[PDB]
Amino acid sequence: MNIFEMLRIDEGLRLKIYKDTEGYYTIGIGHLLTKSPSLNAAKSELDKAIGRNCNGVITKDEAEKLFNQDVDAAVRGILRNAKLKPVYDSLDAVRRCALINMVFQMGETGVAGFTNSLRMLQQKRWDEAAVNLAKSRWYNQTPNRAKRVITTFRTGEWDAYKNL
C-alpha cells in the first residue's frame, strides 16, 4: 500500500463535477474546485485546471494528473511548513502517509492547528495522540475515514486499509 492507494480509497474517483461531504464542488480524486456556490464558478475553475473546455466532465487520465499534482503539493506544503516539517521528519514511512492524508483533506493550515496532537505524535505517544485526534470536528463529521487515519497513526501499519 502507498499514499496514492490510500488516498484513492478515502476519496474515491468521480469523473463528473460533484459535491464534497462539505457541499463543495469537486471532481476526480478529491480535487476541490471552488468553495463557491455556483456550478458555473466550478465549471470555470475546472477548465482553467485542465486547459480545455470540459463541460463539467473529465477523463480518467485527467483525474490522475490532477491527483499527482495534489499529492506533490501536499508533501511540498508539509516540507515548507514550520509546524509540520518537524513532525513529518520524526515519523516512520507509514505514519508519514497518515499525515499526508490529513493535509490533503484539510489543508496545511487546518492540520497545523492540531497543536497538541502534533506534539504527541512527535513524542511517539501513539495511544495518547489517537485519543486527542478524535476530539475534533474532523472526527465527528467523517468518522470512518478519521478512524482509518487514526488507526494508521496508532499502529504504524496498514490494517485499517486491508479491510477496504
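Residues numbered from 1 in each chain as written, not as in the entry; some residues may be left out. Heavy atoms only, no water.

Per the deposited record, X-ray crystallography is how this structure was determined, to a resolution of 1.7 Å.

So, about the sheet that holds strand β2 (residues 25–28). Within the open sheet, the three strands sit side by side as β1-β2-β3. Their pairing is antiparallel. The open sheet has two free edges, formed respectively by β1 (14–19) and β3 (31–34), since each of these has just one partner strand. With strand direction ignored, the average angle separating the axes of adjacent strands in the sheet is 25 degrees. As judged from the three bridges shared by β2 and β3, these two strands associate in the antiparallel manner. Residue pairing for β3: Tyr-25 is matched across the bridge by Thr-34. (Pairing = 2+ DSSP bridges. Helix = DSSP H or I, 4+ residues; strand = E, 2+ residues; numbered from the N terminus. Axes fitted to C-alpha atoms, helices over the stretch in contact; angles between N-to-C directions.)

Our next topic: the pattern of salt bridges. Applying the stated criterion across every chain, the model contains 10 salt bridges. A salt bridge links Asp-10 to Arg-145; the shortest N-O distance between them is 3.9 Å. Taken together, the positions of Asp-10 in helix α1 (residues 3–11) and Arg-145 in helix α9 (residues 143–155) put the pair 135 residues apart, joining distant regions of the chain. Judged by its relative accessible area of 9%, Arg-145 falls in the buried class. Residue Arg-148 is joined to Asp-10 by a salt bridge in which the shortest nitrogen-to-oxygen separation is 2.8 Å. Here the residue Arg-148 occupies a position in helix α9, and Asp-10 occupies one in helix α1, the gap between them amounting to 138 residues. Given a relative accessible area of 13%, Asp-10 falls into the buried group. (Salt bridge = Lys/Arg side-chain N within 4 Å of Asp/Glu carboxyl O. Buried < 20%, exposed > 50% of the residue type's maximum accessible area, 1.4 Å probe, protein only.)

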